[PDB]
>>> print(open('structure09.pdb').read())   # PDB, C-alpha atoms
ATOM      1  CA  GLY A 801       4.530   2.820  46.734  1.00  0.00           C
ATOM      2  CA  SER A 802       4.868   5.724  44.310  1.00  0.00           C
ATOM      3  CA  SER A 803       7.169   8.713  43.819  1.00  0.00           C
ATOM      4  CA  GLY A 804       4.535  10.969  45.350  1.00  0.00           C
ATOM      5  CA  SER A 805       2.839  14.053  43.926  1.00  0.00           C
ATOM      6  CA  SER A 806       4.788  13.345  40.736  1.00  0.00           C
ATOM      7  CA  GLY A 807       3.802  13.982  37.131  1.00  0.00           C
ATOM      8  CA  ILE A 808       5.710  11.385  35.126  1.00  0.00           C
ATOM      9  CA  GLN A 809       7.153   8.088  36.358  1.00  0.00           C
ATOM     10  CA  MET A 810       9.844   6.594  34.124  1.00  0.00           C
ATOM     11  CA  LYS A 811      13.605   6.261  34.585  1.00  0.00           C
ATOM     12  CA  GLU A 812      16.384   4.382  32.791  1.00  0.00           C
ATOM     13  CA  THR A 813      20.174   4.684  32.690  1.00  0.00           C
ATOM     14  CA  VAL A 814      23.077   2.672  31.280  1.00  0.00           C
ATOM     15  CA  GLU A 815      26.621   2.573  32.655  1.00  0.00           C
ATOM     16  CA  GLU A 816      29.657   0.594  31.496  1.00  0.00           C
ATOM     17  CA  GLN A 817      32.336   0.525  34.195  1.00  0.00           C
ATOM     18  CA  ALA A 818      34.023  -2.374  35.986  1.00  0.00           C
ATOM     19  CA  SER A 819      33.329  -0.539  39.244  1.00  0.00           C
ATOM     20  CA  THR A 820      30.256  -1.563  41.239  1.00  0.00           C
ATOM     21  CA  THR A 821      27.412   0.762  42.221  1.00  0.00           C
ATOM     22  CA  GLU A 822      25.192   0.603  45.305  1.00  0.00           C
ATOM     23  CA  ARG A 823      21.811   0.620  43.564  1.00  0.00           C
ATOM     24  CA  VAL A 824      22.754  -2.630  41.826  1.00  0.00           C
ATOM     25  CA  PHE A 825      22.546  -4.220  45.274  1.00  0.00           C
ATOM     26  CA  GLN A 826      18.799  -3.705  45.682  1.00  0.00           C
ATOM     27  CA  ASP A 827      17.920  -4.242  42.021  1.00  0.00           C
ATOM     28  CA  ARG A 828      19.566  -7.667  42.181  1.00  0.00           C
ATOM     29  CA  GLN A 829      17.957  -9.077  45.327  1.00  0.00           C
ATOM     30  CA  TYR A 830      14.665  -7.892  43.838  1.00  0.00           C
ATOM     31  CA  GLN A 831      15.289  -9.439  40.420  1.00  0.00           C
ATOM     32  CA  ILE A 832      15.747 -12.811  42.118  1.00  0.00           C
ATOM     33  CA  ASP A 833      13.125 -12.810  44.873  1.00  0.00           C
ATOM     34  CA  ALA A 834      10.775 -11.459  42.205  1.00  0.00           C
ATOM     35  CA  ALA A 835      11.609 -14.103  39.601  1.00  0.00           C
ATOM     36  CA  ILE A 836      11.140 -16.774  42.266  1.00  0.00           C
ATOM     37  CA  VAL A 837       7.765 -15.584  43.557  1.00  0.00           C
ATOM     38  CA  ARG A 838       6.545 -15.202  39.976  1.00  0.00           C
ATOM     39  CA  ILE A 839       7.769 -18.652  38.946  1.00  0.00           C
ATOM     40  CA  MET A 840       6.770 -20.573  42.073  1.00  0.00           C
ATOM     41  CA  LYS A 841       3.367 -18.874  42.107  1.00  0.00           C
ATOM     42  CA  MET A 842       2.556 -19.832  38.515  1.00  0.00           C
ATOM     43  CA  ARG A 843       3.788 -23.333  39.351  1.00  0.00           C
ATOM     44  CA  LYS A 844       1.666 -24.619  42.234  1.00  0.00           C
ATOM     45  CA  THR A 845       4.531 -27.024  42.925  1.00  0.00           C
ATOM     46  CA  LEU A 846       8.059 -26.750  41.531  1.00  0.00           C
ATOM     47  CA  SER A 847      11.385 -28.405  42.351  1.00  0.00           C
ATOM     48  CA  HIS A 848      14.849 -26.913  42.848  1.00  0.00           C
ATOM     49  CA  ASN A 849      16.101 -27.779  39.361  1.00  0.00           C
ATOM     50  CA  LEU A 850      12.943 -26.442  37.716  1.00  0.00           C
ATOM     51  CA  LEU A 851      13.243 -23.345  39.906  1.00  0.00           C
ATOM     52  CA  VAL A 852      16.906 -22.410  39.490  1.00  0.00           C
ATOM     53  CA  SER A 853      16.392 -23.080  35.782  1.00  0.00           C
ATOM     54  CA  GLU A 854      13.359 -20.824  35.362  1.00  0.00           C
ATOM     55  CA  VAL A 855      14.841 -18.041  37.489  1.00  0.00           C
ATOM     56  CA  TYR A 856      18.033 -17.996  35.425  1.00  0.00           C
ATOM     57  CA  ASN A 857      15.951 -17.728  32.254  1.00  0.00           C
ATOM     58  CA  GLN A 858      14.245 -14.679  33.756  1.00  0.00           C
ATOM     59  CA  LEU A 859      17.588 -13.184  34.784  1.00  0.00           C
ATOM     60  CA  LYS A 860      19.948 -12.170  31.980  1.00  0.00           C
ATOM     61  CA  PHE A 861      22.703 -12.005  34.597  1.00  0.00           C
ATOM     62  CA  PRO A 862      24.605 -14.690  36.553  1.00  0.00           C
ATOM     63  CA  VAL A 863      23.582 -15.074  40.197  1.00  0.00           C
ATOM     64  CA  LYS A 864      25.667 -16.405  43.086  1.00  0.00           C
ATOM     65  CA  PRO A 865      24.801 -19.687  44.853  1.00  0.00           C
ATOM     66  CA  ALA A 866      24.778 -18.051  48.286  1.00  0.00           C
ATOM     67  CA  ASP A 867      22.301 -15.357  47.252  1.00  0.00           C
ATOM     68  CA  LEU A 868      20.067 -17.619  45.163  1.00  0.00           C
ATOM     69  CA  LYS A 869      19.753 -20.319  47.825  1.00  0.00           C
ATOM     70  CA  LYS A 870      19.277 -17.693  50.535  1.00  0.00           C
ATOM     71  CA  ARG A 871      16.451 -16.111  48.539  1.00  0.00           C
ATOM     72  CA  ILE A 872      14.647 -19.447  48.256  1.00  0.00           C
ATOM     73  CA  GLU A 873      14.912 -20.601  51.870  1.00  0.00           C
ATOM     74  CA  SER A 874      13.758 -17.197  53.116  1.00  0.00           C
ATOM     75  CA  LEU A 875      10.744 -17.030  50.801  1.00  0.00           C
ATOM     76  CA  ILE A 876       9.751 -20.515  51.956  1.00  0.00           C
ATOM     77  CA  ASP A 877       9.788 -19.318  55.565  1.00  0.00           C
ATOM     78  CA  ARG A 878       8.099 -16.095  54.454  1.00  0.00           C
ATOM     79  CA  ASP A 879       4.821 -17.994  54.113  1.00  0.00           C
ATOM     80  CA  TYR A 880       5.252 -18.275  50.345  1.00  0.00           C
ATOM     81  CA  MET A 881       6.419 -21.842  49.732  1.00  0.00           C
ATOM     82  CA  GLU A 882       6.418 -25.104  51.690  1.00  0.00           C
ATOM     83  CA  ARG A 883       8.728 -28.120  51.491  1.00  0.00           C
ATOM     84  CA  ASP A 884       7.034 -31.372  50.480  1.00  0.00           C
ATOM     85  CA  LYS A 885       7.059 -33.761  53.441  1.00  0.00           C
ATOM     86  CA  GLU A 886       8.603 -36.245  51.010  1.00  0.00           C
ATOM     87  CA  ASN A 887      11.668 -34.197  50.072  1.00  0.00           C
ATOM     88  CA  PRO A 888      12.766 -30.557  50.516  1.00  0.00           C
ATOM     89  CA  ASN A 889      13.541 -30.563  46.792  1.00  0.00           C
ATOM     90  CA  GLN A 890       9.883 -29.881  46.000  1.00  0.00           C
ATOM     91  CA  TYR A 891       8.170 -26.626  46.965  1.00  0.00           C
ATOM     92  CA  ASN A 892       4.423 -25.975  46.976  1.00  0.00           C
ATOM     93  CA  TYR A 893       2.560 -22.677  46.629  1.00  0.00           C
ATOM     94  CA  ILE A 894       0.879 -21.230  49.717  1.00  0.00           C
ATOM     95  CA  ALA A 895       0.861 -17.465  49.184  1.00  0.00           C
ATOM     96  CA  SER A 896      -2.662 -16.037  49.339  1.00  0.00           C
ATOM     97  CA  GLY A 897      -3.883 -13.616  46.688  1.00  0.00           C
ATOM     98  CA  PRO A 898      -6.375 -13.134  43.833  1.00  0.00           C
ATOM     99  CA  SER A 899      -5.520 -13.499  40.145  1.00  0.00           C
ATOM    100  CA  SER A 900      -6.885 -12.662  36.694  1.00  0.00           C
ATOM    101  CA  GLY A 901      -4.828 -14.689  34.236  1.00  0.00           C
TER     102      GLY A 901
END
>>> encode(input="structure09.pdb", output="structure tokens")
Amino acid sequence: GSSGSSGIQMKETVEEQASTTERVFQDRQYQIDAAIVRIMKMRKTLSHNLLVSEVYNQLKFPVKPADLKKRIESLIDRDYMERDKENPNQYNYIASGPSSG
């Protein structure tokens, strides 16, 4: 949604410390799931290699194999992508929604 009864909406901060924050936990999962939905969508049908490759290009940060894979599988079961009867390496687009360009 939106901040709510707010005037301006724009935030941005930069921190350089080995330590790990908590907000970086949600931002990550989103960065991935988002990059996947965006990629898959645009590509009616994409494979694992083509996927992992595209996603990485969209993410300027290294992602773990457990998280990445998990994100995919889920999405697929989230009525977003389907595994080609032939091989589970290929995923087709199913999500329903209008588009402009």
>>> residues_around(input="structure09.pdb", residues="stretch 878-894 of chain A", least_positions_apart="2", cutoff="10 Å", atoms="only C-alpha atoms", output="ChimeraX atom specification")
/A:837,840-851,872-876,896-897
>>> closest_residue(input="structure09.pdb", among="A:857, A:871, A:801, A:819", to="residue A:832", atoms="only C-alpha atoms")
A:871
>>> atom_distance(input="structure09.pdb", atom1="atom CA of residue A:834", atom2="atom CA of residue A:808")
24.4 Å
>>> residues_around(input="structure09.pdb", residues="residue A:829", least_positions_apart="3", cutoff="10 Å", atoms="all atoms listed in the file", output="PyMOL selection string")
chain A and resi 824-826+832-835+863+867-868+871
>>> atom_distance(input="structure09.pdb", atom1="atom CA of residue A:839", atom2="atom CA of residue A:865")
18.1 Å
>>> atom_distance(input="structure09.pdb", atom1="atom CA of residue A:858", atom2="atom CA of residue A:898")
23.0 Å
>>> axis_aligned_box(input="structure09.pdb", around="stretch 856-859 of chain A", padding_each_side="6 Å", output="JSON")
{"center_x": 16.1, "center_y": -15.6, "center_z": 33.8, "size_x": 15.8, "size_y": 16.8, "size_z": 15.2}
>>> decode(input="structure09.pdb", residues="stretch 848-863 of chain A", atoms="N, CA, C and O atoms", output="mmCIF file, in the first residue's frame")
data_model
loop_
_atom_site.group_PDB
_atom_site.id
_atom_site.type_symbol
_atom_site.label_atom_id
_atom_site.label_comp_id
_atom_site.auth_asym_id
_atom_site.auth_seq_id
_atom_site.Cartn_x
_atom_site.Cartn_y
_atom_site.Cartn_z
ATOM 1 N N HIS A 848 15.646 -22.774 -16.448
ATOM 2 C CA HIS A 848 16.381 -22.486 -15.222
ATOM 3 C C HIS A 848 17.604 -21.621 -15.512
ATOM 4 O O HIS A 848 17.774 -20.554 -14.924
ATOM 5 N N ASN A 849 18.452 -22.089 -16.421
ATOM 6 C CA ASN A 849 19.661 -21.359 -16.788
ATOM 7 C C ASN A 849 19.331 -19.919 -17.169
ATOM 8 O O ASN A 849 19.903 -18.975 -16.623
ATOM 9 N N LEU A 850 18.406 -19.759 -18.109
ATOM 10 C CA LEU A 850 17.999 -18.434 -18.563
ATOM 11 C C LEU A 850 17.459 -17.602 -17.404
ATOM 12 O O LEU A 850 17.635 -16.384 -17.364
ATOM 13 N N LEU A 851 16.802 -18.269 -16.461
ATOM 14 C CA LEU A 851 16.236 -17.593 -15.298
ATOM 15 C C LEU A 851 17.338 -17.116 -14.358
ATOM 16 O O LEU A 851 17.581 -15.916 -14.226
ATOM 17 N N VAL A 852 18.004 -18.064 -13.706
ATOM 18 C CA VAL A 852 19.083 -17.741 -12.780
ATOM 19 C C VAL A 852 20.009 -16.680 -13.363
ATOM 20 O O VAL A 852 20.499 -15.807 -12.647
ATOM 21 N N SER A 853 20.245 -16.763 -14.668
ATOM 22 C CA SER A 853 21.117 -15.810 -15.349
ATOM 23 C C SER A 853 20.517 -14.409 -15.320
ATOM 24 O O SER A 853 21.151 -13.460 -14.858
ATOM 25 N N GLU A 854 19.291 -14.286 -15.818
ATOM 26 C CA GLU A 854 18.605 -12.999 -15.850
ATOM 27 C C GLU A 854 18.521 -12.392 -14.453
ATOM 28 O O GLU A 854 18.934 -11.253 -14.233
ATOM 29 N N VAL A 855 17.983 -13.161 -13.512
ATOM 30 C CA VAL A 855 17.845 -12.700 -12.135
ATOM 31 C C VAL A 855 19.141 -12.076 -11.631
ATOM 32 O O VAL A 855 19.154 -10.937 -11.164
ATOM 33 N N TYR A 856 20.230 -12.830 -11.730
ATOM 34 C CA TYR A 856 21.533 -12.352 -11.283
ATOM 35 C C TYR A 856 21.851 -10.989 -11.889
ATOM 36 O O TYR A 856 22.320 -10.085 -11.199
ATOM 37 N N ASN A 857 21.592 -10.850 -13.185
ATOM 38 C CA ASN A 857 21.850 -9.597 -13.886
ATOM 39 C C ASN A 857 21.050 -8.454 -13.270
ATOM 40 O O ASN A 857 21.501 -7.310 -13.249
ATOM 41 N N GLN A 858 19.861 -8.774 -12.770
ATOM 42 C CA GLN A 858 18.998 -7.774 -12.152
ATOM 43 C C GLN A 858 19.435 -7.486 -10.720
ATOM 44 O O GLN A 858 19.158 -6.415 -10.178
ATOM 45 N N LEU A 859 20.119 -8.449 -10.111
ATOM 46 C CA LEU A 859 20.595 -8.300 -8.740
ATOM 47 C C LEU A 859 22.100 -8.057 -8.710
ATOM 48 O O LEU A 859 22.885 -8.903 -9.138
ATOM 49 N N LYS A 860 22.497 -6.895 -8.200
ATOM 50 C CA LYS A 860 23.907 -6.542 -8.109
ATOM 51 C C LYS A 860 24.556 -7.193 -6.892
ATOM 52 O O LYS A 860 25.675 -6.849 -6.513
ATOM 53 N N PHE A 861 23.846 -8.138 -6.284
ATOM 54 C CA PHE A 861 24.353 -8.840 -5.111
ATOM 55 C C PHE A 861 24.195 -10.350 -5.269
ATOM 56 O O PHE A 861 23.240 -10.840 -5.872
ATOM 57 N N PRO A 862 25.155 -11.105 -4.715
ATOM 58 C CA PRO A 862 25.148 -12.569 -4.781
ATOM 59 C C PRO A 862 24.039 -13.181 -3.931
ATOM 60 O O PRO A 862 23.861 -12.819 -2.769
ATOM 61 N N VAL A 863 23.295 -14.113 -4.520
ATOM 62 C CA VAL A 863 22.204 -14.777 -3.816
ATOM 63 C C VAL A 863 22.538 -16.239 -3.540
ATOM 64 O O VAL A 863 23.232 -16.888 -4.323
#
